[PDB]
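J.: experimental structure and sequence below, a few questions after.
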Number of protein chains: 2
Amino acid sequence: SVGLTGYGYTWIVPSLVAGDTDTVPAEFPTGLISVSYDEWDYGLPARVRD
Amino acid sequence: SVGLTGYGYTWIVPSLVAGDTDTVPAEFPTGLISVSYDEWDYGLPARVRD
């Protein structure tokens, strides 16, 4: 509604805000930065051994 | 919707924007400045003589 959020107004969010990275509410600004746990490289078989 | 109508700003508009000063559309920010013709002191009897 302000609109001045997306040009020079970068946002950084934790993994809680991102939540499920598969689904995006379409209101998330492009270029959103999020800190998330390694769900891609750290596969389930690797964690069980650890 | 942006919300930045006026908080420490000032909006200057001509007499066209003000229009009829009796009615305000309730969206005009407080502190609006208009350059209106003298309808108060310059009464109609004075205008006819001039």
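T.: Alright, I've got the coordinates. Residues are numbered from 1 along each chain as shown, chains lettered A, B, ... in the order given.
J.: which helix in chain A runs the most residues?
T.: helix A:44-49 (DSSP state H).
J.: which elements pack onto it?
T.: Applying 3 or more Cβ pairs under 8 Å, 6 or more residues apart in numbering or on different chains; DSSP states H and E, we find helix A:44-49 packed against no helix or strand. To be clear about C-beta, it is placed using only N, CA and C from the backbone, and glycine gets the same treatment.
J.: chain B contacts on chain A?
T.: Neighbours of chain B within chain A, by Cβ under 8 Å from any Cβ of the partner chain: A:1-4.
J.: who's in contact with the closest residue to chain B within chain A?
T.: Going by Cβ to the nearest Cβ, chain B is nearest to residue A:1 of chain A, at 4.8 Å. Residue A:1 sits next to B:1-3 when contact means Cβ atoms under 8 Å, 6 or more residues apart in numbering or on different chains.
J.: dump those residues into TSV; add secondary structure as well.
T.: Converted to TSV, these look like this (DSSP: H, G, I helix; E, B strand; the rest coil):
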residue	secondary structure
B:1	coil
B:2	coil
B:3	coil
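J.: okay if I get those as JSON lines plus distance to residue A:14?
T.: JSON lines is the format used below for these (distance: Cβ to Cβ, whole Å):
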{"residue": "B:1", "distance to residue A:14": "29"}
{"residue": "B:2", "distance to residue A:14": "28"}
{"residue": "B:3", "distance to residue A:14": "27"}
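J.: which SSE is the nearest residue to residue A:9 once chain neighbours are set aside in?
T.: Nearest in space to residue A:9, with sequence neighbours left out and distances taken as Cβ to Cβ, 6 or more residues apart in numbering or on different chains, is residue A:29 at 7.6 Å. Using DSSP states H and E, residue A:29 sits in no helix or strand.
J.: about what we covered before: okay if I get the residues of chain A next to chain B as TSV plus distance to residue B:22?
T.: TSV is the format used below for those (distance: Cβ to Cβ, whole Å):
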residue	distance to residue B:22
A:1	31
A:2	33
A:3	33
A:4	35
